[PDB]
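Trainee: The structure's right below; bear with me while I get my questions together.
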Amino acid sequence: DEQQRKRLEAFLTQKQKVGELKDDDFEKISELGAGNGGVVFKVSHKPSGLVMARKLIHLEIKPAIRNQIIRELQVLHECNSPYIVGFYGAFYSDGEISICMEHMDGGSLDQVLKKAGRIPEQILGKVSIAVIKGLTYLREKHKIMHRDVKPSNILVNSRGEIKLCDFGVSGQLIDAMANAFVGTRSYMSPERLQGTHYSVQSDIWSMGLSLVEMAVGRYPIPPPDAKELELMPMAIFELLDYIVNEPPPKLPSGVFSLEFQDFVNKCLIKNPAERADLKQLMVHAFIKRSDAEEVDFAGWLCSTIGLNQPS
Amino acid sequence: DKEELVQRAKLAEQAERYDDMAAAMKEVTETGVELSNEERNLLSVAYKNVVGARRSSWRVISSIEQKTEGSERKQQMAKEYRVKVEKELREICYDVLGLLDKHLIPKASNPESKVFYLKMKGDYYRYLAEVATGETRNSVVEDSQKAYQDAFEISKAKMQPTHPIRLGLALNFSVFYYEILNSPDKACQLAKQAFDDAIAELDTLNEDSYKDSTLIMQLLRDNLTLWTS
Amino acid sequence: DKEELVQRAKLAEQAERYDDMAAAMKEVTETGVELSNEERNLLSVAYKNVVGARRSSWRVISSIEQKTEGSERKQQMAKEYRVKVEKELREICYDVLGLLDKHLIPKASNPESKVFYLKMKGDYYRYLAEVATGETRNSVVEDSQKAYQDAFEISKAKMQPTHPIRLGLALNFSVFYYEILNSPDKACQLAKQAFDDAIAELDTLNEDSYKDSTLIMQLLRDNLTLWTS
Amino acid sequence: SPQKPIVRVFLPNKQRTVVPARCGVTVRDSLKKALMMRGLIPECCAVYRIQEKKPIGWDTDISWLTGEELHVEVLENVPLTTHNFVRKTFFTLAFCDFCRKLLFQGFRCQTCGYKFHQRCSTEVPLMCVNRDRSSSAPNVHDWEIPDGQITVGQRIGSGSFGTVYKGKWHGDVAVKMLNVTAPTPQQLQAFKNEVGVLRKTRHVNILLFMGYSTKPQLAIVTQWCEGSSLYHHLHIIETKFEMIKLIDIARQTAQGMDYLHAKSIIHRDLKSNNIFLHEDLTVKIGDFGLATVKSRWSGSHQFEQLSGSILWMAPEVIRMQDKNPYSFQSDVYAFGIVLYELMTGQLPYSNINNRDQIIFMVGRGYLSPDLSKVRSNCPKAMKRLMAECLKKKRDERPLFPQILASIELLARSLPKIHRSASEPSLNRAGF
Amino acid sequence: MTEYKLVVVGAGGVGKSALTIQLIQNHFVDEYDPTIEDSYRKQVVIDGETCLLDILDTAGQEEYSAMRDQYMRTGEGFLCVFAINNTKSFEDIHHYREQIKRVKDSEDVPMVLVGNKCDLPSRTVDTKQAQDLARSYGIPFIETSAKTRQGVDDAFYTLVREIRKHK
Ligand SMILES: Nc1nc2c(ncn2[C@@H]2O[C@H](COP(=O)(O)OP(=O)(O)NP(=O)(O)O)[C@@H](O)[C@H]2O)c(=O)[nH]1
Ligand SMILES: Nc1ncnc2c1ncn2[C@@H]1O[C@H](COP(=O)(O)OP(=O)(O)OP(O)(O)=S)[C@@H](O)[C@H]1O
Ligand SMILES: Nc1ncnc2c1ncn2[C@@H]1O[C@H](COP(=O)(O)OP(=O)(O)OP(O)(O)=S)[C@@H](O)[C@H]1O
Ligand SMILES: O=C(NOCCO)c1ccc2cncn2c1Nc1ccc(I)cc1F
Ligand SMILES: [Mg+2]
Ligand SMILES: [Mg+2]
Ligand SMILES: [Zn+2]
Ligand SMILES: [Zn+2]
């Protein structure tokens, strides 16, 4: 709209003020989070005064592959959407790949979910809207697919924005990522565990698998116990075997409306083609309803984190 | 009497003692008795293993000789030990070649056996060509060229291209071209021709001839794959 | 010079030839100088492989002799070949014993070397025991018994329960008990006691001998499992 | 329709099967198991697509054929290879490939190198895939560093259970800040007990373990290695070496692992990252054991949450369904993947752009290291060892006493066997 | 001389394929590779008759029931398999029998009830339940373990005998 265009243009304006990205141009302010393969810091770019997030991935790869990754990561300069985290520049130094993005002071939805215990359906509606619009922008404007949709990659700020990040834009970077340490849980759609990406359908499952996890405050595989649900250590290979050979998870009986439950069930179909696409979800009853609702996302976020109300 | 010596040769083969089998077969062929298939195959295996063990020993000795040249006169005795090994290598091949000159070649009433004996002569000449250097190498290889060229014709004219003896002859000739004359393109072309001819004429073999020919063809495929790269 | 002879012996060992190696080490021992730790292993390996080839030949020949089960001259010739290879093995073992009891055993400062050489003496007396059937068997059997008891006293006195030499002596002694004397109860008792005592000091395993220790341990376990059935 | 893009396959003798049409999988591998159940092998068969019967290559990517019907037939062509068994006495240390016991006398396949006792002939593999005398004696051939001593220097890099720094402690050492920063009094005790064992290891191929330090959290102190790791020399610079040095590296790694297993220490982490070339000559394995500092505890239990590059984890380790998956055979599988990495120069599964996909398919027994990327001169005996190390069932994998011996057996026969083949001896066998 | 078309049906995971592979090759598969379709031939002597068995091993996953139904239409007799640790698979024997009646357009179809996985601990479908269900349909009940091979031949041979009775 108008405010989104304003913010995008202001981000571009603040982006032109940044030239070459040198390692000496950053002063480390704080740590923001860490995963199994990278560490992110909030830092200040001295030459331009801006404050950004800097992800550092430490890969032991040959210099040619590293350079091709660096070159491929420059496509992120084209991604300009209110549902995609802003990108300032990527480079390599001191044996680590550094990716510079805009700072989301609200954090990722995993941290917000940990702070909140559970997330209300009404908030989840706007979250799903943003996720779907970001996936649409990635599928249409760039013909690339996220492939790593989960609460750890959905970011939010104090201005009520909800943006996607950590999507698969550099194929060589994914190829390097295939030599990673085993995680504790997977959001991979069942077809990807036996075949290859079935287009954006393979992303949508993850979103659903995320929403339920945010809907209940618990990793939904295996589904909660009979009395753990009323209270409202599986091996990773066992989780994958459950994902492939067991019925998908579902929302609780009566805690959530039927449109949200139908949305998540359509999002969690084990057959990707029978599973809904972006256009189906965009005009879903739950999506229409949550788009009609005037939910105060920024204030709810600030409240949950423990900061004073914004605006 | 003959059967007693053949039984002794078989018993020596089972006992892994090979020099006794070599002697017991040389004394059998010394008489000039009609040599059948198994009787000559025992001789072939005996004279193959006896020379093969010493050839492997010579290869190891030569490899150790060239491990480190920047050293004292420890290589001095190494080459003299190798010379002794050759002194115990060439003369047995000469005992085989003289034997082939005595009885085998004249007392042959079947072209297949003639091809077999000529291939053996060529194989032992190729065995001698490795250690022999200078003009002796040339003098040795000039005999093996004709030994194989007087056998390939008979193989092509009297026996099928799928015959295990013809396949063995082609394999040995390709190895001779590759290792001695160092013409890898001609060796590859010869091997490809033999293998394509074998494939073009297949599924006609006997029931017994379903292991050995396959073995030679699989070794041919291994060599072709090794020489392509 | 001794180093030239030792290098020649090692070179022949790397060439998989065990006739020049045995002669070279016999010439080394004939000098009458005390061997080092390294030089002894080459002698042991050479005079083990030389006997081992004849042992394999003898085993397979006796198997064929027990397989034929007929009435002809094949059995008589097989018996003649068996007595020939038995005479050859007797000559080898007698040469080893003559080279052992005149230059090494009487001059052995290190008790460890004494245990090694008494183990070898018992091993070759057992090698002679398994072939010679008759009245002479009781002499060599008792000689091996005396040698092994003498080695075992020193092993119990001044040896480690995890040393390769003590474990090898115990293994050879249990095999001697089981095969020659046919008393498996005491063989099992000895094997279990030795295996337990080797289990005792399991932590004390330096780099010098970990492969030999665990290999003899596993061989003892395999023999124990074979004999307890 | 595609129904999980499947392919329908018609088989000999009126049989049939459905296989998943997954990108990146060959027809051969899609069908391997179905054929095996019927005593068939792709190499003894032909495959066709219906279009009407048109021949396709066994190495075709099956995902191109989704929705199609394939047919597999035989033509009774080359019978793979028949075992050329020669009776041989082994004057050197040899083990029977079936029974893993000492093999003083037996049979050897001239082509494929398989070795077995006379008594085990009923257990020999059928296709040559390219009262007895009891055995005898074979041939003969407080550790806590206090504060104020470890000069922690420059950060080197983070791992799967800690970050490594180059420290100064009576010379250059490698300090490791273990991720487990707050250990319980039981985990600390178990870690001290594990260090008790690790301090008593001294081998030329094993990195020296110089204790730890408790005051500044937990910090394993190991011998600092100069030069670079094997992974660095195999995937960063891609400096391939002659086969002799490669087999020597494999032999030294196997010797170090054999020393580790002789003392009953499961490495749990053997991979090209933990293999160093000390002065470009000596192989040194590091980061072994330390089972108690991985999989952070919640009490007196140490449920292994599993952590490490899954490329080297055995299928039994990937499953984690077993009570304890880090046994000797999982170490052997890790070594086998190291052998594959050394031999081909590429990491396993160089055609997959997902990590969870690899975990699922490997732990499921569907994905295996492809053995069609090897060099065109590797002796078949050597390659057979690598294929034995990567057996899905862990009980089939050999132990390191056998692997070291098998490596050394072909280490000496390398130069002679590199020349072209020759006319072999005929059958000369019978059972 | 005599060919018999046998169809193995029942819920996912109960051991249909493991039972079939034990019959065909005397080997237990411990992996769980879900079936879409698999057919086998095996020649066997049963009651003095050399029999050619066509074994049609079907999918337990209902997603592939269209393929299952094509196999069922050709079959002459049915092994209806449940697992002794899966009560729903036991209850759903009724579903499979109804499917057979539907596809065969007949209430008179040779059938044998098989309770598999009897080697497991903590069995939850008891012998009385299973025998009562078999009795309710007038069919034999055979306990099996594809792991130990107990009952495998009896299950298939009994079905062949039921087909012979029906012929
Ligand atoms: N312990 C045990 N496991 C068994 C037995 N029979 C099958 N299984 C196991 O159960 C799993 C499923 O077996 P399978 O034969 O594939 O079952 P299915 O009924 O054919 N499944 P689907 O309907 O999907 O084709 C496999 O892991 C198999 O090893 C048995 O008798 N005992
Ligand atoms: N742009 C960002 N701004 C602020 N924090 C961020 C940003 N990107 C990532 N983070 C933090 O880093 C973590 C998520 O990033 P990653 O660690 O890369 O993802 P992850 O948790 O490792 O899961 P993955 O990517 O599926 S392996 C969270 O703790 C976030 O708070
Ligand atoms: N003993 C050592 N001496 C010298 N450098 C070392 C040593 N151990 C590790 N390193 C270095 O540390 C870097 C990364 O740290 P590590 O944690 O050892 O990596 P890692 O081996 O992948 O981790 P794990 O736990 O073994 S999977 C490697 O690239 C090595 O260069
Ligand atoms: O970040 C990644 N994986 O997580 C690290 C493991 O801890 C990641 C994974 C795949 C990928 C392909 N192309 C870039 N890729 C990534 N990077 C990345 C992408 C977009 C944004 I906006 C920010 C990023 F950091
Ligand atoms: Mg992330
Ligand atoms: Mg099935
Ligand atoms: Zn073979
Ligand atoms: Zn055996």
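Letters A, B, ... mark the chains of the structure tokens in the order given; residue numbers begin at 1 per chain; ligand numbers begin at 1, in order shown.
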Quick one: residues within 8 Å of range 201-212 of chain C, only C-alpha atoms, excluding same-chain residues fewer than 2 positions away - as a ChimeraX atom specification?
Mentor: /C:161-164,197-199,214-216 /D:140,200-204,258-259,262-263,401
Trainee: Could you save those same residues with N, CA and C atoms as a CSV table (one decimal), in the first residue's frame?
Mentor:
chain,number,residue,atom,x,y,z
C,161,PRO,N,52.1,-60.5,32.2
C,161,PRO,CA,50.9,-61.3,31.7
C,161,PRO,C,50.4,-60.8,30.4
C,162,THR,N,50.8,-59.6,29.9
C,162,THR,CA,50.3,-59.1,28.7
C,162,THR,C,51.4,-59.0,27.6
C,163,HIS,N,52.6,-59.6,27.9
C,163,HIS,CA,53.7,-59.5,26.9
C,163,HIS,C,53.4,-60.5,25.7
C,164,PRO,N,53.8,-60.1,24.5
C,164,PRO,CA,53.5,-61.0,23.4
C,164,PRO,C,54.2,-62.3,23.5
C,197,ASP,N,44.6,-64.0,33.2
C,197,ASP,CA,45.8,-63.2,33.6
C,197,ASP,C,46.1,-62.1,32.6
C,198,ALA,N,45.9,-62.4,31.3
C,198,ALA,CA,46.0,-61.3,30.4
C,198,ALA,C,44.9,-60.3,30.5
C,199,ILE,N,43.7,-60.6,30.9
C,199,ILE,CA,42.7,-59.7,31.2
C,199,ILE,C,43.0,-58.8,32.4
C,214,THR,N,46.4,-58.1,21.3
C,214,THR,CA,45.0,-58.4,21.0
C,214,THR,C,44.8,-59.5,20.0
C,215,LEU,N,45.8,-59.7,19.1
C,215,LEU,CA,45.7,-60.8,18.1
C,215,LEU,C,45.8,-62.1,18.8
C,216,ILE,N,46.8,-62.3,19.7
C,216,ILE,CA,47.0,-63.5,20.4
C,216,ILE,C,45.8,-63.7,21.4
D,140,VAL,N,55.9,-62.7,13.8
D,140,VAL,CA,56.1,-61.5,14.6
D,140,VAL,C,56.7,-60.4,13.8
D,200,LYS,N,45.6,-42.2,29.1
D,200,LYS,CA,46.4,-43.4,29.1
D,200,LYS,C,46.5,-44.0,27.7
D,201,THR,N,46.5,-43.1,26.6
D,201,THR,CA,46.6,-43.5,25.3
D,201,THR,C,47.8,-42.8,24.7
D,202,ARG,N,48.7,-43.6,24.1
D,202,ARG,CA,50.0,-43.1,23.6
D,202,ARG,C,50.3,-43.9,22.3
D,203,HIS,N,50.0,-43.3,21.1
D,203,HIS,CA,50.2,-44.0,19.9
D,203,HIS,C,50.7,-43.0,18.9
D,204,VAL,N,51.5,-43.4,17.9
D,204,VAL,CA,52.0,-42.5,16.9
D,204,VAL,C,50.9,-41.9,16.0
D,258,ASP,N,42.8,-49.1,15.0
D,258,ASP,CA,43.1,-50.4,15.7
D,258,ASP,C,43.6,-50.2,17.1
D,259,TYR,N,44.6,-49.3,17.2
D,259,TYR,CA,45.0,-49.0,18.6
D,259,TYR,C,43.9,-48.5,19.5
D,262,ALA,N,41.7,-51.5,20.4
D,262,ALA,CA,42.4,-52.4,21.3
D,262,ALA,C,42.2,-52.1,22.7
D,263,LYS,N,42.0,-50.8,23.0
D,263,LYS,CA,41.8,-50.3,24.4
D,263,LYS,C,40.3,-50.1,24.6
D,401,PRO,N,41.2,-54.9,13.3
D,401,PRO,CA,42.2,-55.9,13.0
D,401,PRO,C,42.2,-56.5,11.6
Trainee: Take chain B, superimpose it onto chain C by least squares using every C-alpha atom paired in sequence order, and output the result as a compact mmCIF listing (two decimals) with C-alpha atoms, in the first residue's frame.
Mentor:
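What ended up in selection_36.txt:
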# COMPACT_ATOMS: atom_id res chain seq x y z
CA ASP B 1 79.23 -56.31 6.82
CA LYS B 2 76.51 -57.48 9.21
CA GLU B 3 74.18 -54.67 8.15
CA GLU B 4 74.72 -55.65 4.51
CA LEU B 5 73.55 -59.20 5.23
CA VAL B 6 70.58 -57.94 7.26
CA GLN B 7 69.60 -55.69 4.34
CA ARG B 8 69.89 -58.70 2.03
CA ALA B 9 67.64 -60.68 4.39
CA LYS B 10 65.04 -57.89 4.44
CA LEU B 11 65.15 -57.58 0.65
CA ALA B 12 64.67 -61.34 0.33
CA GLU B 13 61.72 -61.15 2.73
CA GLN B 14 60.08 -58.48 0.57
CA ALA B 15 60.71 -60.61 -2.52
CA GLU B 16 58.80 -63.57 -1.02
CA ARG B 17 61.83 -65.76 -1.71
CA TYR B 18 62.27 -67.46 1.66
CA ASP B 19 65.07 -70.01 1.23
CA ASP B 20 67.52 -67.22 0.41
CA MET B 21 66.44 -65.41 3.58
CA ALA B 22 66.85 -68.64 5.55
CA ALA B 23 70.39 -69.09 4.24
CA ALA B 24 71.27 -65.41 4.75
CA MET B 25 70.10 -65.59 8.37
CA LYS B 26 71.75 -68.92 9.15
CA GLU B 27 75.06 -67.54 7.89
CA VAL B 28 74.54 -64.45 10.08
CA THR B 29 73.83 -66.41 13.25
CA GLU B 30 76.67 -68.82 12.39
CA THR B 31 79.22 -66.16 13.36
CA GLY B 32 77.84 -65.61 16.85
CA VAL B 33 77.13 -61.88 16.71
CA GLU B 34 74.99 -60.21 19.38
CA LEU B 35 71.42 -60.88 18.22
CA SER B 36 69.00 -57.98 18.76
CA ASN B 37 65.20 -58.00 18.48
CA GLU B 38 64.70 -57.38 14.76
CA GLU B 39 67.66 -59.59 13.84
CA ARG B 40 66.16 -62.60 15.61
CA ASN B 41 62.63 -61.79 14.45
CA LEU B 42 63.74 -61.99 10.82
CA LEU B 43 65.21 -65.43 11.56
CA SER B 44 61.99 -66.50 13.28
CA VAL B 45 59.80 -65.40 10.36
CA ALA B 46 62.10 -67.01 7.78
CA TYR B 47 62.32 -70.37 9.55
CA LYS B 48 58.59 -70.23 10.28
CA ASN B 49 57.50 -69.68 6.67
CA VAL B 50 59.97 -72.15 5.16
CA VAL B 51 58.75 -74.99 7.36
CA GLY B 52 55.11 -73.85 7.23
CA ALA B 53 54.83 -74.11 3.46
CA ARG B 54 56.14 -77.68 3.55
CA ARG B 55 53.91 -78.56 6.51
CA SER B 56 50.86 -77.37 4.57
CA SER B 57 52.07 -79.42 1.61
CA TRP B 58 52.43 -82.48 3.85
CA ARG B 59 48.93 -82.00 5.27
CA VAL B 60 47.47 -81.81 1.77
CA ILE B 61 49.45 -84.87 0.64
CA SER B 62 48.26 -86.90 3.63
CA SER B 63 44.66 -85.77 3.09
CA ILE B 64 44.79 -86.89 -0.54
CA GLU B 65 46.38 -90.19 0.54
CA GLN B 66 43.24 -91.08 2.54
CA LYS B 67 40.63 -89.98 -0.01
CA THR B 68 39.86 -93.49 -1.31
CA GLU B 69 41.40 -96.70 0.02
CA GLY B 70 39.43 -99.05 -2.23
CA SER B 71 41.64 -98.46 -5.26
CA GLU B 72 44.68 -99.77 -7.14
CA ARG B 73 48.35 -99.04 -6.38
CA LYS B 74 47.99 -95.30 -6.92
CA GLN B 75 48.33 -94.73 -3.18
CA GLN B 76 51.60 -96.70 -3.31
CA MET B 77 53.48 -93.84 -4.98
CA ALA B 78 51.53 -91.27 -2.92
CA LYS B 79 52.99 -92.45 0.38
CA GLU B 80 56.47 -92.58 -1.16
CA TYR B 81 56.11 -88.99 -2.35
CA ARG B 82 55.02 -88.13 1.20
CA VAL B 83 58.11 -89.94 2.50
CA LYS B 84 60.22 -87.78 0.18
CA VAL B 85 58.43 -84.70 1.54
CA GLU B 86 59.34 -85.80 5.07
CA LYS B 87 62.90 -86.36 3.84
CA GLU B 88 62.81 -82.68 2.84
CA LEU B 89 61.04 -81.75 6.10
CA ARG B 90 62.87 -83.29 9.07
CA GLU B 91 66.39 -82.35 7.99
CA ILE B 92 65.70 -78.62 7.81
CA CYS B 93 64.21 -78.81 11.30
CA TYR B 94 67.44 -80.52 12.32
CA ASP B 95 69.38 -77.67 10.70
CA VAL B 96 67.33 -75.33 12.90
CA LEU B 97 67.82 -77.41 16.06
CA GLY B 98 71.56 -77.74 15.55
CA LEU B 99 71.69 -73.99 15.01
CA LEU B 100 69.82 -73.47 18.29
CA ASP B 101 72.35 -75.80 19.92
CA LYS B 102 75.32 -73.91 18.44
CA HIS B 103 74.97 -70.21 19.23
CA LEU B 104 71.51 -69.09 20.43
CA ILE B 105 71.19 -70.91 23.76
CA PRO B 106 74.72 -70.29 25.14
CA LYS B 107 74.95 -66.73 23.76
CA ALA B 108 71.91 -65.42 25.64
CA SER B 109 72.21 -62.56 28.15
CA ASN B 110 68.48 -61.88 28.64
CA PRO B 111 65.80 -64.24 30.04
CA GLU B 112 63.23 -62.99 27.50
CA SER B 113 65.45 -64.12 24.62
CA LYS B 114 66.04 -67.44 26.40
CA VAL B 115 62.28 -67.98 26.61
CA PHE B 116 61.95 -67.05 22.93
CA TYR B 117 64.62 -69.55 21.87
CA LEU B 118 63.27 -72.33 24.08
CA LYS B 119 59.79 -71.73 22.67
CA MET B 120 61.23 -71.98 19.16
CA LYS B 121 62.94 -75.26 20.07
CA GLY B 122 59.67 -76.59 21.45
CA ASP B 123 57.79 -75.43 18.36
CA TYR B 124 60.12 -77.22 15.96
CA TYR B 125 60.03 -80.35 18.09
CA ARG B 126 56.23 -80.18 17.94
CA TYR B 127 56.60 -79.74 14.17
CA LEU B 128 58.62 -82.96 14.01
CA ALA B 129 56.22 -84.79 16.34
CA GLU B 130 53.38 -84.70 13.80
CA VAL B 131 55.07 -86.69 11.04
CA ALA B 132 57.05 -88.93 13.40
CA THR B 133 55.14 -91.98 14.66
CA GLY B 134 55.92 -94.94 16.89
CA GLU B 135 58.45 -94.43 19.67
CA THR B 136 60.05 -91.56 17.74
CA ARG B 137 56.93 -89.52 18.48
CA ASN B 138 57.50 -90.17 22.19
CA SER B 139 61.22 -89.36 21.97
CA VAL B 140 60.44 -86.09 20.19
CA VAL B 141 57.63 -84.96 22.50
CA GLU B 142 59.71 -85.70 25.62
CA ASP B 143 62.07 -82.93 24.51
CA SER B 144 59.25 -80.44 23.86
CA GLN B 145 57.68 -81.02 27.28
CA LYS B 146 60.87 -79.85 28.99
CA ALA B 147 61.46 -77.09 26.43
CA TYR B 148 58.10 -75.56 27.36
CA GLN B 149 58.45 -76.30 31.09
CA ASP B 150 61.82 -74.50 31.25
CA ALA B 151 60.22 -71.48 29.55
CA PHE B 152 56.89 -71.10 31.36
CA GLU B 153 58.66 -70.54 34.70
CA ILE B 154 60.84 -67.75 33.30
CA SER B 155 57.82 -66.20 31.58
CA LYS B 156 55.92 -66.17 34.88
CA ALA B 157 58.84 -64.89 36.96
CA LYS B 158 60.45 -62.26 34.70
CA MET B 159 57.71 -61.04 32.33
CA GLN B 160 54.16 -59.82 32.77
CA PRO B 161 51.27 -62.14 31.82
CA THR B 162 50.32 -59.62 29.12
CA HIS B 163 53.68 -59.91 27.35
CA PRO B 164 53.22 -61.05 23.73
CA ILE B 165 56.01 -63.63 24.03
CA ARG B 166 54.39 -65.17 27.12
CA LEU B 167 51.02 -65.23 25.35
CA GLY B 168 52.60 -66.92 22.34
CA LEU B 169 54.24 -69.48 24.61
CA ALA B 170 50.93 -70.23 26.32
CA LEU B 171 49.20 -70.54 22.93
CA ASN B 172 51.81 -72.94 21.57
CA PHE B 173 51.74 -75.01 24.77
CA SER B 174 47.95 -75.31 24.64
CA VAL B 175 48.14 -76.35 20.99
CA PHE B 176 50.79 -78.93 21.91
CA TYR B 177 48.55 -80.34 24.63
CA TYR B 178 45.50 -80.44 22.35
CA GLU B 179 47.02 -81.84 19.16
CA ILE B 180 49.76 -84.14 20.47
CA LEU B 181 48.92 -85.29 24.00
CA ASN B 182 45.15 -85.01 23.35
CA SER B 183 44.26 -83.57 26.77
CA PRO B 184 41.64 -80.98 25.76
CA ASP B 185 40.54 -80.30 29.35
CA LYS B 186 44.06 -79.36 30.47
CA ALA B 187 44.55 -77.24 27.35
CA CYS B 188 41.26 -75.43 27.97
CA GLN B 189 42.17 -74.83 31.62
CA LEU B 190 45.63 -73.50 30.70
CA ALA B 191 44.15 -71.19 28.07
CA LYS B 192 41.44 -69.92 30.43
CA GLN B 193 44.07 -69.27 33.11
CA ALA B 194 46.29 -67.34 30.71
CA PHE B 195 43.39 -65.30 29.34
CA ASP B 196 42.02 -64.47 32.80
CA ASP B 197 45.49 -63.40 33.95
CA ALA B 198 45.83 -61.22 30.84
CA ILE B 199 42.46 -59.58 31.53
CA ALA B 200 43.31 -59.07 35.22
CA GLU B 201 46.51 -57.21 34.20
CA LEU B 202 45.57 -55.04 31.22
CA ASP B 203 45.82 -51.42 30.03
CA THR B 204 49.49 -51.29 31.09
CA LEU B 205 51.12 -52.15 27.75
CA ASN B 206 53.30 -49.91 25.61
CA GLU B 207 52.03 -48.04 22.56
CA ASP B 208 53.69 -50.48 20.15
CA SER B 209 52.40 -53.48 22.10
CA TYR B 210 48.78 -52.76 21.16
CA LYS B 211 48.51 -55.05 18.10
CA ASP B 212 50.47 -58.26 18.68
CA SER B 213 49.19 -59.06 22.18
CA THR B 214 45.65 -58.33 21.02
CA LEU B 215 46.26 -60.71 18.11
CA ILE B 216 47.38 -63.53 20.40
CA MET B 217 44.50 -62.93 22.80
CA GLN B 218 41.95 -62.95 19.97
CA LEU B 219 43.40 -66.22 18.67
CA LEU B 220 43.12 -67.54 22.24
CA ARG B 221 39.46 -66.50 22.35
CA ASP B 222 38.92 -68.22 18.99
CA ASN B 223 40.48 -71.43 20.30
CA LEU B 224 38.45 -71.28 23.52
CA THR B 225 35.23 -70.82 21.54
CA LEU B 226 36.21 -73.65 19.18
CA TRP B 227 37.01 -76.03 22.04
CA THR B 228 33.95 -75.20 24.16
CA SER B 229 31.66 -76.82 21.59
Trainee: Select from chain E everything DSSP, run on the backbone, classes as strand (DSSP E), then give the selection as a count of residues only.
Mentor: 45
Trainee: Residues within 10 Å of ligand 7, counting only C-alpha atoms and all ligand atoms: report them as a ChimeraX atom specification.
Mentor: /D:81-85,108-115,124-130,380-381
Trainee: Would you list the residues that come within 10 Å of ligand 6? Count only C-alpha atoms and all ligand atoms and give the answer as a list in words.
Mentor: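 Sorted by chain and then by number, the residues are residues 8, 9, 10, 11, 12, 13, 14, 15, 16, 17, 18, 19, 20, 32, 33, 34, 35, 36, 37, 38, 56, 57, 58, 59, 60 and 61 of chain E.
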